[PDB]
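Sequence and experimental coordinates follow.
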Amino acid sequence: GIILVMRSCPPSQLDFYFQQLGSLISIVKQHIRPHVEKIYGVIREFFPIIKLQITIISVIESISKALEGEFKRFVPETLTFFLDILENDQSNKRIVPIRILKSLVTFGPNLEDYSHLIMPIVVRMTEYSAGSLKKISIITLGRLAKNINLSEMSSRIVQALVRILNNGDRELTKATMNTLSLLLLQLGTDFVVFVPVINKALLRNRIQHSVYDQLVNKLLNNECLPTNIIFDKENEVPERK
């Protein structure tokens, strides 16, 4: 299995270990679970790809292998995945963000906190819409993970949807990513939602909340409403072979 740490580490041999990984969906482990950290706490320039077989080089092999657990193993494995992200994330690299959205929904959800407080950090970066999709799905592949309803952030993620007064480069998609951000993770809450009527100093994030969510939302105002998470953006993508 320790013969596959033994192994010269050119990346040609590593890519046999990046395919040895997919050998072990076979596992479910069991106890290779110190060695997983052993040769990525290493910490190479191959990166958490969807590649060429449904198996990841080499972090999101572990999420799709160990299924969920141990997360006790993935909190230091949760300092050596955001230690990267900090200069791993520009405007172009959208290539580890697709690899941080891909580690996102796989691991979810998930006691995980500086994960739930440094994301935050990657969204709260005002000028970070620059690959548009990237921080759009920071708002699908956050919400899908239901861990974000356990919310402290509501009022800092209210101060991350009018600090953009709609028009950053979302922008009729800040309109749909905020109707996805709120519903599933929603209320058991009032003051987050008497606020928006005011932020109407905007005209896209106002007239996709004025026919989708402020209407399920003229709707949620006296009654909530379940499912309809089979509408906005559906894709929950099963695992079989």
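That came through fine. Numbering: from 1, shown residues only.

if I look at residue 154, how far off is residue 173?
With distances taken as C-beta to C-beta, to the nearest Å, residue 154 is found 21 Å from residue 173. Yep, even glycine has a C-beta here, placed from its N, CA and C like the rest.

How about residue 208?
Per C-beta to C-beta, residue 208 is found 8 Å from residue 173.

again, but for residue 239
Residue 239 is 29 Å from residue 173, by C-beta to C-beta.

what's stretch 134-152 in contact with?
Residues outside stretch 134-152 that contact it (C-beta atoms under 8 Å, 6 or more residues apart in numbering) are 94, 97-98, 101-102, 104-105, 107-110, 112, 116, 119, 122-123, 128-129, 157, 170, 173-174, 177-178, 180-181, 184-186, 233, 236.

Please spell out the ChimeraX selection for the buried subset of those residues.
Selection of buried members from the contacts of stretch 134-152 for ChimeraX, criterion 16 or more other C-beta atoms under 10 Å:
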select :94,97,98,101,102,104,105,107,108,109,112,116,119,122,123,128,129,157,170,173,174,177,178,180,181,185,186
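
Just the contacts of stretch 134-152: which are in helices?
Under the assignment DSSP state H, the contacts of stretch 134-152 contribute 102, 104, 105, 107, 122, 123, 174, 177 to helices.

Who are the contact partners of the fifth one?
Spelled out, that is residue 122. Neighbouring residues of residue 122 by C-beta under 8 Å, 6+ apart: 85, 89, 100, 128, 135, 138.

quick check, nearest of the residues you listed to residue 162?
residue 135 (15.9 Å; C-beta to C-beta).

Any figure for the gap between the closest one and residue 196?
Per C-beta to C-beta, residue 135 is found 21 Å from residue 196.

for residue 175, same thing?
Where residue 196 is concerned, residue 175 sits at a distance of 12 Å (C-beta to C-beta).

what touches both of the two?
Residues touching both residue 175 and residue 196 by C-beta under 8 Å, 6+ apart: residue 209.

quick one: which of these two has more around it?
When neighbours are counted by other C-beta atoms under 10 Å, residue 175 and residue 196 differ, and residue 175 comes out ahead with 23 against 20.

Name the nearest residue to the more buried one, ignoring sequence neighbours.
Nearest in space to residue 175, with sequence neighbours left out and distances taken as C-beta to C-beta, 6 or more residues apart in numbering, is residue 208 at 3.0 Å.

ok, now residue 85?
Excluding the flanking residues, the one nearest residue 85 by C-beta to C-beta, 6+ apart is residue 100, at 5.5 Å.

Give me the number of neighbouring residues for that neighbour.
Residues near residue 100, counting by other C-beta under 10 Å: 22.

Show the contacting residues for it.
For residue 100, the contact set (C-beta under 8 Å, 6+ apart) comprises 81, 85, 88, 89, 122.

sorry, back to before: tell me the two of the contacts of residue 122 that are most distant?
Within these, 85 and 135 form the most distant pair, 13.0 Å apart (C-beta to C-beta).

Looking at those two, which one has more neighbours?
Neighbours per residue (other C-beta under 10 Å) separate residue 85 from residue 135, with residue 135 holding more: 24 against 16.

which parts of stretch 37-57 are buried?
37, 39, 40, 48, 49, 55, 56, 57.

Please apply the same query to stretch 70-87.
74, 77, 78, 80, 81, 82, 84, 85.

Residue nearest the middle of the chain, spatially speaking?
residue 104 (3.1 Å; C-alpha atoms, centre = their mean).

between the contacts of residue 100, which is closest to residue 204?
Comparing those against residue 204 with C-beta to C-beta places residue 122 closest, at 23.0 Å.
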